[PDB]
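Notes to accompany the following structure.
Since every read-out is calculated from the coordinates, none of them should be taken as a lab result. Reconstructed Cβ throughout: ideal geometry from the backbone, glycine too, with neighbour counts over all protein chains shown.
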Amino acid sequence: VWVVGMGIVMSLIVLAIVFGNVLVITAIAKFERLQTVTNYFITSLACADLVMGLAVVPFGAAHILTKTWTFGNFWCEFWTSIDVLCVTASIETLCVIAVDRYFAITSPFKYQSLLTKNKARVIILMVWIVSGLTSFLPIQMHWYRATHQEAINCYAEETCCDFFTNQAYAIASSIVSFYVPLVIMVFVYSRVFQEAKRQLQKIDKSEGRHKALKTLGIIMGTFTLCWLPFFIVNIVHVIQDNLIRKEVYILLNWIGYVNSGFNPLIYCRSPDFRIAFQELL
Ligand SMILES: CN[C@@H]1CCc2c(ccc(O)c2O)[C@H]1O
C-alpha cells in the first residue's frame with residue numbers, strides 16, 4: 001500500500017525538472033535580445049540539468065521501486081558516469097557564475113576587457129571537459145573498483161549494481177567536485193556583501209533628512225543545505241564502514257538531485273525573463 005504513491009512523487013519531480021529546464025533554454029534561444037555574456041553560463045547549467053532530469057532520475061527511480069535492475073552492467077557503468085558528469089558540471093558552472101559576478105562588481109571599468117564573447121566559450125568548454133575527464137576516465141576504465149569480497153560479489157553479479165569505491169578515489173572526487181567551488185563561492189560572496197555594505201554606508205552621508213543580506217542568504221543557503229550533507233557522508237563512510245548504511249546514503253543523495261530543479265527558478269527572476277515567459281504562454 002505504498003508502491004502506487006512514491007511513483008507519483010518521482011514523476012512529479014521528473015516533470016518539474018524537465019519543464020523548468022526546457023522553458024529557460026527555449027526562452028534564451030528564441031528571443032532576440034536575451035543574449036548576454038552572463039546568460040551563456042546559465043545556458044550551460046540548464047543544459048546540464050536537462051540531461052540530469054532526462055537520463056539519471058528515471059532509471060534510478062525504476063531501480064529503487066523494482067529493487068531489480070533489468071538491464072546490463074555496462075549500462076550501469078554508463079549511468080554512473082553520466083550522473084557524476086552532470087553533478088560536477090552543475091557545481092562548477094555555479095562557481096563560474098559566482099566568479100563572473102565578483103569580476104563584474106569588484107572591477108567595473110575593466111569588466112569588459114576581461115570577459116568578452118570569445119572568452120566565455122573557452123571557459124565553458126574547459127569546465128565541461130574537466131567535468132568529463134573527472135567522471136568517465138576513472139569509471140569507464142575499470143579503475144575505481146574495490147577489492148573487498150562483498151564488493152567483488154557485486155561486480156561479478158550481473159543483476160545488481162551498487163556503488164563501492166576505494167577511499168582515495170572518493171576523497172579526490174569529492175575534493176575536486178565540491179570543496180573548492182564552495183570555498184570560492186564563500187570568498188566571493190563575502191567580498192560582494194562587504195562592498196554592498198560599504199556603498200550603503202556611503203549613501204547615507206549625503207542622502208540625509210538588508211535586501212542584499214536576504215538575497216545572498218537565500219542564494220548560498222539553497223546550495224549549501226541541498227548538497228552539503230551528501231559530501232560529508234561520502235567522505236566519512238569510507239574511513240569507518242560501521243557508521244553508515246545504504247539507505248541513509250541514498251536519502252542524502254536524492255536530496256541533491258532536487259536542487260537542480262530549484263535552480264532555474266532562483267536564477268531566472270529578472271523582469272526580462274518574466275516578459276519572455278509571458279510572451280510564450
Ligand atoms: C550514484 N550516486 C553518485 C555516487 C558518488 C558521487 C556522486 C556525485 C558526484 C561525485 O563526485 C561522486 O563521487 C553521486 O551522484
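Can you name every residue in region 116-155 that is under 30 Å from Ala104 (Cβ atoms) and among the polar types (S, T, N, Q)?
Restricting attention to region 116-155, the residues satisfying the condition of being under 30 Å from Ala104 (Cβ atoms) are 116-134.
Selection gives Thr116, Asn118, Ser131, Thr134.
From the residues in region 262-278 that are in a helix (DSSP H, G or I) and more than 12 Å from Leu23 (Cα to Cα), which one is nearest to the chain's Cα centre (by Cα)? Before the answer, list the steps.
In the first step, residues of region 262-278 are kept if they are in a helix (DSSP H, G or I); the result is 262-267, 271-278.
Next, only the ones that are more than 12 Å from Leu23 (Cα to Cα) stay: 262-263, 266-267, 271-272, 275.
Working: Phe262: 11, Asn263: 9, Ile266: 13, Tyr267: 13, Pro271: 25, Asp272: 24, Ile275: 27 Å.
Step by step, filter region 262-278, then rank; the result is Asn263.
What residue, among those in region 41-100 that are in a loop (DSSP other than H, G, I, E, B) and among the hydrophobic types (A, V, I, L, M, F, W, C), is surrounded by the fewest Cβ atoms within 10 Å (Cβ to Cβ)?
First, the residues of region 41-100 that are in a loop (DSSP other than H, G, I, E, B): 67-72.
Still in the list and also among the hydrophobic types (A, V, I, L, M, F, W, C): 69, 71.
On the way: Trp69: 18, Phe71: 15.
Out of the qualifying residues, it is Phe71.
Given the residues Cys154, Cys86, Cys76, which is the only one that is closer than 19 Å to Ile42 by Cα, within 16 Å of the ligand (Cβ to nearest atom) and either in contact with a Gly (Cβ under 8 Å, 6 or more places away or on another chain) or not acidic (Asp, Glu) (or both)?
Answer to the check: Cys86.
Here is a check on your reading of the model: is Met126 within 15 Å of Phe78 (Cα to Cα) and among the hydrophobic types (A, V, I, L, M, F, W, C)?
no
Scan region 30-40 residue by residue and report those that are hydrophobic (A, V, I, L, M, F, W, C) and more than 22 Å from the chain's Cα centre (by Cα). First the steps, then the outcome.
Residues of region 30-40 hydrophobic (A, V, I, L, M, F, W, C): 31, 34, 37.
Scanning region 30-40 gives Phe31, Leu34.
Look through region 162-173, keep the residues that are over 16 Å from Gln240 (Cβ atoms) and near the ligand (Cβ under 7 Å from one of its atoms), and return whichever of them is surrounded by the fewest Cβ atoms within 10 Å (Cβ to Cβ).
The selected residue is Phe163.
Rundown of residues vs (1) within 15 Å of the ligand (Cβ to nearest atom); (2) surrounded by 12 or more Cβ atoms within 10 Å (Cβ to Cβ), yes/no style:
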site: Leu114; (1), (2): no, no
site: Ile124; (1), (2): no, yes
site: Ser131; (1), (2): yes, yes
site: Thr134; (1), (2): yes, yes
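Given (1) part of a helix (DSSP H, G or I); (2) more than 22 Å from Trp254 (Cα to Cα), identify the lone condition not met by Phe31.
Exception for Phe31: condition (1).
Filter region 174-199 down to the residues that are of a type in the set (S, T, N, Q) and more than 11 Å from the ligand (Cβ to nearest atom), then identify the one that is farthest from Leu85 (Cα to Cα).
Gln199
Going through region 193-249 one residue at a time, which ones are in a helix (DSSP H, G or I) and small (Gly, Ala, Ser)?
Listed by number, the residues that qualify are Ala196, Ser206, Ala212, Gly217, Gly221.
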